[PDB]
Structures are given as structure tokens and as C-alpha cells.
Protein chains: 2
Amino acid sequence: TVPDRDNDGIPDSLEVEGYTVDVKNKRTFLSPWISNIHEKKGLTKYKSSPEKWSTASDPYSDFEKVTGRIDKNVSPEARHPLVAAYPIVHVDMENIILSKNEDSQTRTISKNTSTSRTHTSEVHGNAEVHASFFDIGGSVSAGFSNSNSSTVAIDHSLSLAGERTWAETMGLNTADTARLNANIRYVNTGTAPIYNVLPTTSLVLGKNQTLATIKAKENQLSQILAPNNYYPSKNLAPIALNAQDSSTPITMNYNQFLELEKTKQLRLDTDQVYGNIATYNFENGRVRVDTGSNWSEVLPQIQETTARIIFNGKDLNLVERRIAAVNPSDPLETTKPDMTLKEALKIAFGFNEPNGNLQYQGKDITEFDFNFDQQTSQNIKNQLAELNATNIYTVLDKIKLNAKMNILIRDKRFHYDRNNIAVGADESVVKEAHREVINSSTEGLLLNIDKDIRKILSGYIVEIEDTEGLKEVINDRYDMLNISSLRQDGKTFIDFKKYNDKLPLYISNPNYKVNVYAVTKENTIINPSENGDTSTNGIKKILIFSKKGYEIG
Amino acid sequence: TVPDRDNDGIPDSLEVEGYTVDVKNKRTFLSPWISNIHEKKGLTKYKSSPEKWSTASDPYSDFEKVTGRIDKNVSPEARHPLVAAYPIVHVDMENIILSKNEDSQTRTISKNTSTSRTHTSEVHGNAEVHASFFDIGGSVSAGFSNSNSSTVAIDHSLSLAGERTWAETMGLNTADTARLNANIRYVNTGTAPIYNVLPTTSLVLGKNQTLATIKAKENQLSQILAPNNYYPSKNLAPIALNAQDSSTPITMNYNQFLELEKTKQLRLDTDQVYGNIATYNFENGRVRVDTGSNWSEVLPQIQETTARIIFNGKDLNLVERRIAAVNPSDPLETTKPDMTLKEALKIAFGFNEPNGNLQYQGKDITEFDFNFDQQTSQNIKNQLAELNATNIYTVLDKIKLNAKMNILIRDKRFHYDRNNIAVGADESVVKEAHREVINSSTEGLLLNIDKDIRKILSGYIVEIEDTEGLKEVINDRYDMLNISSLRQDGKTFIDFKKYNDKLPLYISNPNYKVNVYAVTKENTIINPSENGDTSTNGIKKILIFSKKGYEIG
Ligand SMILES: [Ca+2]
Ligand SMILES: [Ca+2]
Ligand SMILES: [Ca+2]
Ligand SMILES: [Ca+2]
């Protein structure tokens, strides 16, 4: 009569004091922690709640997880009892194509786009918010809350000849209407797979101008949207918007269009209506989809009993993950094991302990900026109070975590915008990343630029300095910055030629200086100034390259 | 064979005499009250009925609640056995847009709106009511009864240039028809979440002119309408009326329109057809939606066995909550624990006992006005009789509560209208709240105005007094009061500039007086007098600011 209140399979004693699953001959034993023999083999000290089926609340029993008798598609780190295993799906727009609503073969602009999961944070301290902002639950979005929003930025450069004025290039006048079309793909950033129904993501423009809502039919798809995997597998045909399937295309009047040309960006607000869930079956050991248990029902619970932490180390992409945090008010939830901001980061993402420090694959914890909400803030400030210390990174392994807590560990190296996106770092860094020259030619530059940094650079600027001090720039236009291409060999490649009429640079005197600059996204522009200054005049460029002419080719 | 008639899980003895749930190691124990050790740890003395599953009648077992093995979305205070845990959803209209039913880019008026849950109370003592008002159950609305009604007020100010006459601004004549459109969002004020089906709320105008009934399709939504949470999360795209989804727009003939322009307000009568309910499952511990148990069935019961109290402390918003009140006639309902108007207020909202007094987060109970219905009135008056006392606030912890009883505890500081809405307080208060000046400029005023009070002020008036006694007002129009904007830093900001042509004030003599007044909603007007007096002449303004010219900038 071994005690098991949750009836999960893991006896209370274990679930509460500690345990781990291990394999003897070929069989697997669920044994209690043994600092002696266990820590050696490499196992893990699993500690869950004895009174809950799945301590996270997600559709997977603490037993099912640790043991491995679960939907193999569930994320690894989510295989751990205190790591919420749910989906997180947003939409990526690879590129778009704009034209005139119905001899139309050269009257169109097809430019690419860059999309990223956004995490819109509150304003400054003087926004005209309605008097309902200071009420309970109402308007108090508290910085960041549950929901999906991806922001697309459209390529401002040039694709054709010497094209100019998006408007005329298409042939648009106050009495015309421009139609939009694009290629997108759903992408699951979460820790659990979606099996059928897809999110009814809507495309917004500006602040509330809903351009269209894509709700690609249900069950039409049987392909799985596994964690870290794009809907139509990156090696397949992306989904196109209002390009087939649909009788009502996309309408965008003049005024609206102008705005698009003004910011050259859109937003993708996606809901959470994911499909039913795939559950295990102890009987035959097959994973099936329970037409009864659908995420929309099981998600809230997770969200109401987990510490959520957003992090961007793996890549400058925001990653969400929830940990099994406790809660004073809820007796049951007070059964969940105690959570430390340290341990959280260890299993929630991957941080580890080398020789005593807490770093994330090299980068030390101290290299990231912690961000919370009003609630979480206090709840922590008050813990630092009763522990006497000002530098949190010290007591990091003593900061208790409670459910409903929201955290945002981000890389300190870069600057971020409203949507907490990487926008560009300090000079000291940008240079430090270009300190590797491979091939110097009058055609371009080949470097071993750091995959990360480069993601914060709009483009480059190439000029030539006279022996006395001149400023002649080859690509002298706001939209002639797009030059750095990326080879699959893992090396960034610049090309002066693309914007010099197929022909290489011009060395008037092999004693001159060939300058190349980088333009961070936060400093780069997308349109001519008030007048019509279409030149790299008023730009905050950066000294990336500066070698003589006899040191190239 | 421990006795459990309700078969809930809590043994009679406990349920009747007292108990509380607590956590030992990581397990949770359901133990009886122990004034000694319990009161210390901070637990609560739970006392429910031994013969009822859920003493409130709501879909949640007394056990499920106290223990926490329930839909995590259920409100906290409703986690207590004697606090009805049901939904309460009304509709908020952020703003509207009026035009002429079909070169229409400058022939429209888009003004914002302010909506609030109303609690329409009876008339005075001379209303022409049909002879059926004094019958049983018939017409005896008894002051306030179950149902949802939200009142919207439309911004009367100006948005464009020097616009005038709503009629002509759109181009309306006896032979034309104006169409309406607006953005709204459902909002759940209750204590329990709705999971799918949404209320068939209808938009009324005046007294019975049903403008349109919005019944946004069922199951189309899977997003949850949690307690204190707006339908499309405040951080999302509000729902628009007859703007897509719909073939029959909104029609409003001349006569009707005029009325709108006359009171500039509408009403939103919403039903209670909420969705099915989310119930817990002891087995695996998952929360699912029982296609069998739908609120429409489970609500009545609550309503017929609970003391309902409306309160507005959290904010000047009416909050409804029901407590497990007893009932003499019903044997079963006579099993419910005894309820005191004190305890009720303690768990129903949050009132507590500091050093012996009963206050609600600072404000003392004595600062609110108690309001009942004919029935509840007597039932209490008769309790004061057999207890010899005239001041109720004394015997507050001795006023028994019976089911079907209706109560309305409201803040005494302000004045209220028909719908029991905050409309404006006494002078002594308005001033007291503006006793904090931060930045004085010839452009505007920055103050630390109390979030609460400000919610009762239509706008401000700015004039200049000569050294002898002149009355020159900058913004001298009924609709030029809208000036106080609110910064997210938590400070109210006034702007003289908005109504002085972008340019700051004019100090003819730095020894003059710069006056600023506030206009309470109850005193403010929305249209020109009989003739055409579009000036702040006949208005009951209030002395808010009065500083010299050399004490500003
Ligand atoms: Ca267990
Ligand atoms: Ca368990
Ligand atoms: Ca019982
Ligand atoms: Ca009971």
C-alpha cells in the first residue's frame, strides 16, 4: 500500500523529498535521490508535488514526463515536472508583394520582411491613458501578459533598377486601391506540439487598422507543429495570403498605404486557440489525440500556477517558459516544490554551474538584465529586504519564486526597443565583432562576423577618404545600405559592387582610404527627410573598416 | 465511517463547527479550527453547510474551493465556501463613429465614450406607474434586481477644427439616415470565468428604442473571459459593431439622431446566457468543460440563496458579490452557516479589523452609505428593534443576513445619480485633492490629482482675473472643458494650450490672476441653452487653481 495521493505513479515520499528515473539492465527504475551514486551517473534530482497529476498543470503526468512515457514531441527541458510543457505559436512573414487592385508584369514591388516574436513593454511616464488604467484587472496590462504578437519589418532597400516612390512605382492615386499578398509560416516556439487546429492570427497595421484575419481552416492540416519548428517545414512551400485556398482579397486605400510606406512594418496578433492534445496510453503505449482535452482548456491553469520567464540567450529571440511556482493562497499549489530563481533558470533554459558560477553556455548570469512587473518587482524587492543585499546576482539562489510571477532575463550587451527586440549595441562591441578580415578585394569584404551582432545591423556604408580629408561615398542613399550577404560557410560577405553598377570600386590613388560603416537598426532610416535628402548624410554610422588601397588588391 | 451527508469531502462535524485547509510537509491537511495554532499561521475559519455540495450553489464543491482543487480562474475571495462564485459580464464601449448612410473622408465625427456598470434605482415619489406596480412579483422591481446594464456617455467636446452642429457636420436632413459603428469589449466583473458562449447584449437608446442587438456568434471564441478581465484582452483589437464578421448595418432616422445629440448617451442591456462551466476532475486533476452544466441552469439557484451586496470601494465601480445567506423557510438552506453583515463584508470584499475597527483598506466602514430594498429594509429594521440601537454601524457584527437580501454599500464622499454612478462630490473634497502642484507653466498644470475624484470631473475652465475684477476665460465654451489628460506616471496634467491655438496663455500683466476651475459631471452641460449660449457662463464651476503670474513662469 505505497502512498500516492496524486495517483500519478510516483509515491509521495519520493515526489516530495526527491527522486529520479534510471535504467538498470534494460529496465527502468524510479528511485529516490542518492547524492552518492546518482549525482555521478548524471541523473537529475526530480522533485514534484505529491498531490498534483502534472505539477505544471499541463496534460502530462509528472510520471509520464520523468519516465519518458509521453508524446515524444514534448520538449526536453519540459520533460521535467516543474517545466510547463505547452505550445507557443506565432506567425513569421518571410516576404510581401504590393500592387494595384484590378499588363501588370513590371508594376509591382516584391520586398522581403523580417519578423520576430515581440514582447511589448509599457510606455515611459506621460502617456494619455484612460482613467481605467488604475483599476483592478482593468487596463493593468502590467507590462507584459499572455498573448502572441510578432512584428514584421519590410525591406526598405531597392530590388529593381533605379526605382523611386513606392506610390508611382505601382501607379496609385487617391482614387485607387492597393492589394497585399505575402508568404508566411506558423512557428511553434513553445515546449509542446499542436496537432491540428491552427491559431486565428490577425494582421494589424499601425495601432488598430486590422488589414485582414487569417484563420486557415481547421483539420485541413494533419502535419504537426512541433516545438522549435516552422509550420510548413522550412523545406517546403510557405503559406500565401489571399492567393488561393477565398473570394475577398486585401484592400488598403491611399491614406492607409502611405502609412505603410511611412513605417514599412506590420504586426501579427495571434490567438491561442491551439488544437486538441496528444496523450499517452499506458495500455498499449501509443500516443493518440484526445478529442476531449484541448489546450484552450488546459492552458489557463498553467498560466495561473507558473513563474514565467522570458529569455534571449539561445539567440536574440525572446523565449518563454513557465516553471512550477508555488502560491500561498492555494493549499494545493502549496504542494508544489519550492522554486529558486537560480534552479528555475537552470532547468527552464539551461544555465549551469562550471566551477561555482552561474552562466548560460559561457555567458555569465551577470551579463543579462532582469526585468519584472509591478507585482513581481515588489515580491522580489521584499525578499532582498529580508535578506539584506543590494546586488541580486548574489542571492540569486535564494530568491523564491511564486506563481503568476513574470520575469524577463535579457542580454545586457544590446539596446532594445519598445517590443524588447535587439536593435543595436554600443560601438565597443560592433567593432570587436568585425576584428576578423578574410578576403580583401576591390569587389567586397569577407569577414567572420558574429551571427548575433550582425542581426542588429541594417546595412553598411562605403566611402573613400582623400589623403587630406574627403568624403566620397559609393552607396550614398538611405536605401543603398543593404549589402552584407551571408554565406552558408558561416561568414558574412559584403559587396561594394551591388551598388556601383556591377563594377568594382574605383581606387583613384592606391594611397587613399577605403571606409566601410555599419548602421544599427535603431539608427538606420527608411525614408527621405522632410525635403528629399536621399543620402547617407544624416546617419549615425560606425567605423567598421578602414584600410589603405595597397593592402587590398 | 466518518460522516459526510453532502458527500463533499469535508466531514459534517468540520463543515458545521469549523475548519481550514493547511499544508504540512508538502501535503495538505483539512483540519478543524484551532484558535490556538491556526489563527497564528494566518489560515481562515471556514464554516460551510454539511448538507450541501457547494453552499453557494455554484458549480464548485465546498471542498474543491477551500482545497484549491478547482478551476484556477475562480476568483480568490470566491474560493471561500460562502462566497458565490459566478460570472458577471457587461459590455464596455470605448468609442463610436457617426456618419451618413450611403467622398466621405471629412464628413464624420469619431468621439470617445465612457461606459460603466449601472445599478438603476427606483424613482422619487410621483412617477406615473401602471396599477400593476403594487401587485405580487409583478412590476415590483424592488429597487434593484438581477440583470446587466451598462451606460455609455459620449464625449461632447471637439476633436477637429472649429466644428459645429453635429447634424450639418455629417450632412443630415429629414430625408437622410445616419449609421452608427463602435468598438466594444465584453468585461467580466464576476468571480467565475465564462468559457465560450457570449451574452446577447442589446444596445438601447433613450428608454426603449432598441438600436441593435449584438449577439456575436457562439463557440467562435475559445478565449476565456476571466474575472476582472476584458473580453479581447485590453492589449488586443476591440470588437467593432456592424463593421464586419453581417449585411444589415445600423439605422437611425433624424428624430432618433437628434435625441442622441440631446443626451449624448446610450445603454447596453446584456443578458446572462453565459457558456457551459469548467469543472474539476479528482481523477487526473484536469479542468474540463462539462457540456452538460451551463450557468443559465446553475445561476438561478445562487440568486435564490444568497445575500447580494453591491459595493464601490475598490474603485468607483459597482461590484456585485453574493454570500451564502440562510433562509428560514428552506430546511436545507437552514443548514448554511449563520451570516453577519460584518463577516459578509469581510470575505465578500476585503474589509478587515486593524485595532478593533472595521475598515476597507483604510477607509472606515462609517464612510459608506448602506442601501436596501423594501424587503431587506424591514428585515433589518426589525433586527435593530429587537437589539435596541439606532446607529447600525454599532451592531454591524450582529445584523443577521438572510437569502434574497439585497444590499448596496457605497462611498459616502460622492453624490450619485439614478444609476448609482459617481457624479461629483462636495467642494471641500474636490479642492482637497488638488492641493498638490508639481509644475507651473504658461502652458499647463501638473498635479498629483487623486485617481478617484478626477473620475467625477467633466473638465476644467481657465480664466484670468484683473487686479480689480475681470472675467476673461480662455476656453469659453461648453465643449472646451476637455483639457485634463492623465500621464502614466500617475499624475493628472492640464493643458491650456489645447484651446488657445497651440500657443500658451497670455499674461497681459504678471500681477494678474490665472484661474482654473473643475466641472463635476452632475453640473457640466453638453449642449447650448435655449438660445445659443455656447459659453461657460451658466456653469457651476469650482475654484481649483488661483495663483499669481509671477509664481508660474
Ligand atoms: Ca505522486
Ligand atoms: Ca504528482
Ligand atoms: Ca460535508
Ligand atoms: Ca457541504
# chains A, B, ... in the order shown; residues from 1 in each chain; ligands from 1
>>> residues_around(residues="residue 124 (chain A)", least_positions_apart="4", cutoff="10 Å", atoms="only C-alpha atoms", output="number ranges by chain")
A: 418; B: 487-489
>>> residues_near_ligand(ligand="ligand 4", cutoff="9 Å", atoms="only C-alpha atoms and all ligand atoms", output="mmCIF file with N, CA and C atoms, in the first residue's frame")
data_model
loop_
_atom_site.group_PDB
_atom_site.id
_atom_site.type_symbol
_atom_site.label_atom_id
_atom_site.label_comp_id
_atom_site.auth_asym_id
_atom_site.auth_seq_id
_atom_site.Cartn_x
_atom_site.Cartn_y
_atom_site.Cartn_z
ATOM 1 N N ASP B 4 -20.439 12.245 6.314
ATOM 2 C CA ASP B 4 -20.410 13.264 5.259
ATOM 3 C C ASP B 4 -21.697 13.197 4.438
ATOM 4 N N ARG B 5 -22.735 13.889 4.897
ATOM 5 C CA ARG B 5 -24.026 13.878 4.215
ATOM 6 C C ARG B 5 -24.004 14.506 2.832
ATOM 7 N N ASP B 6 -23.264 15.599 2.676
ATOM 8 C CA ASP B 6 -23.176 16.263 1.380
ATOM 9 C C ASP B 6 -22.265 15.443 0.481
ATOM 10 N N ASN B 7 -21.517 14.536 1.097
ATOM 11 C CA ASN B 7 -20.600 13.671 0.374
ATOM 12 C C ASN B 7 -19.522 14.490 -0.326
ATOM 13 N N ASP B 8 -19.318 15.722 0.131
ATOM 14 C CA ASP B 8 -18.324 16.603 -0.474
ATOM 15 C C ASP B 8 -16.872 16.247 -0.199
ATOM 16 N N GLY B 9 -16.575 15.850 1.031
ATOM 17 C CA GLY B 9 -15.210 15.511 1.391
ATOM 18 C C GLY B 9 -14.882 16.070 2.760
ATOM 19 N N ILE B 10 -15.625 17.100 3.147
ATOM 20 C CA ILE B 10 -15.475 17.738 4.449
ATOM 21 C C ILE B 10 -16.510 17.112 5.374
ATOM 22 N N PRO B 11 -16.055 16.403 6.417
ATOM 23 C CA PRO B 11 -16.936 15.746 7.388
ATOM 24 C C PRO B 11 -17.879 16.745 8.043
ATOM 25 N N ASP B 12 -19.110 16.317 8.320
ATOM 26 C CA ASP B 12 -20.098 17.199 8.930
ATOM 27 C C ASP B 12 -19.492 18.023 10.055
ATOM 28 N N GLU B 15 -17.407 20.852 8.722
ATOM 29 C CA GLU B 15 -18.245 21.763 7.969
ATOM 30 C C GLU B 15 -19.191 22.593 8.829
ATOM 31 N N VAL B 16 -19.635 22.034 9.952
ATOM 32 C CA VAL B 16 -20.582 22.737 10.818
ATOM 33 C C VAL B 16 -19.962 23.569 11.925
ATOM 34 N N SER B 48 -18.972 25.874 6.455
ATOM 35 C CA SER B 48 -19.953 25.742 5.383
ATOM 36 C C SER B 48 -21.139 24.894 5.822
ATOM 37 N N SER B 49 -21.974 24.474 4.880
ATOM 38 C CA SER B 49 -23.100 23.626 5.248
ATOM 39 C C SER B 49 -22.711 22.192 4.985
ATOM 40 N N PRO B 50 -23.040 21.301 5.923
ATOM 41 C CA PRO B 50 -22.724 19.881 5.811
ATOM 42 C C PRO B 50 -23.678 19.152 4.895
ATOM 43 N N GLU B 51 -24.817 19.763 4.589
ATOM 44 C CA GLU B 51 -25.777 19.088 3.734
ATOM 45 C C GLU B 51 -25.797 19.531 2.281
ATOM 46 N N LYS B 52 -24.947 20.490 1.930
ATOM 47 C CA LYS B 52 -24.884 20.973 0.552
ATOM 48 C C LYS B 52 -23.512 20.745 -0.074
ATOM 49 N N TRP B 53 -23.489 20.464 -1.373
ATOM 50 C CA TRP B 53 -22.236 20.228 -2.077
ATOM 51 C C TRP B 53 -21.444 21.521 -2.071
ATOM 52 N N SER B 54 -22.020 22.539 -2.699
ATOM 53 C CA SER B 54 -21.424 23.868 -2.747
ATOM 54 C C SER B 54 -22.441 24.731 -2.040
ATOM 55 N N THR B 55 -22.092 25.220 -0.859
ATOM 56 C CA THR B 55 -23.021 26.019 -0.083
ATOM 57 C C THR B 55 -23.531 27.253 -0.813
ATOM 58 N N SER B 61 -17.649 22.573 -5.396
ATOM 59 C CA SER B 61 -17.786 21.967 -4.070
ATOM 60 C C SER B 61 -17.030 22.720 -2.995
ATOM 61 N N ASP B 62 -17.639 22.795 -1.821
ATOM 62 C CA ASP B 62 -17.009 23.475 -0.715
ATOM 63 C C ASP B 62 -15.609 22.912 -0.603
ATOM 64 N N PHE B 63 -15.487 21.614 -0.831
ATOM 65 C CA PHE B 63 -14.180 21.005 -0.753
ATOM 66 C C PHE B 63 -13.292 21.575 -1.854
ATOM 67 N N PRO B 81 -16.160 29.006 0.643
ATOM 68 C CA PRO B 81 -17.445 28.314 0.661
ATOM 69 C C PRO B 81 -18.707 29.154 0.698
ATOM 70 N N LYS B 336 -27.033 26.164 6.074
ATOM 71 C CA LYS B 336 -25.953 27.076 5.781
ATOM 72 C C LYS B 336 -25.586 27.785 7.079
#
>>> interface_residues(of="chain A", to="chain B", cutoff="7 Å", atoms="only C-alpha atoms", output="list in words")
residues 16, 51, 52, 53, 125, 126, 127, 128, 129, 131, 135, 136, 137, 138, 139, 141, 208, 273, 296, 297, 298, 301, 304, 330, 331, 332, 334 and 335 of chain A
>>> atom_distance(atom1="CA of residue 192 (chain B)", atom2="CA of residue 60 (chain B)")
10.1 Å
>>> residues_around(residues="residue 396 (chain A)", least_positions_apart="2", cutoff="8 Å", atoms="only C-alpha atoms", output="PyMOL selection string")
chain A and resi 340-342+392-394+398-399
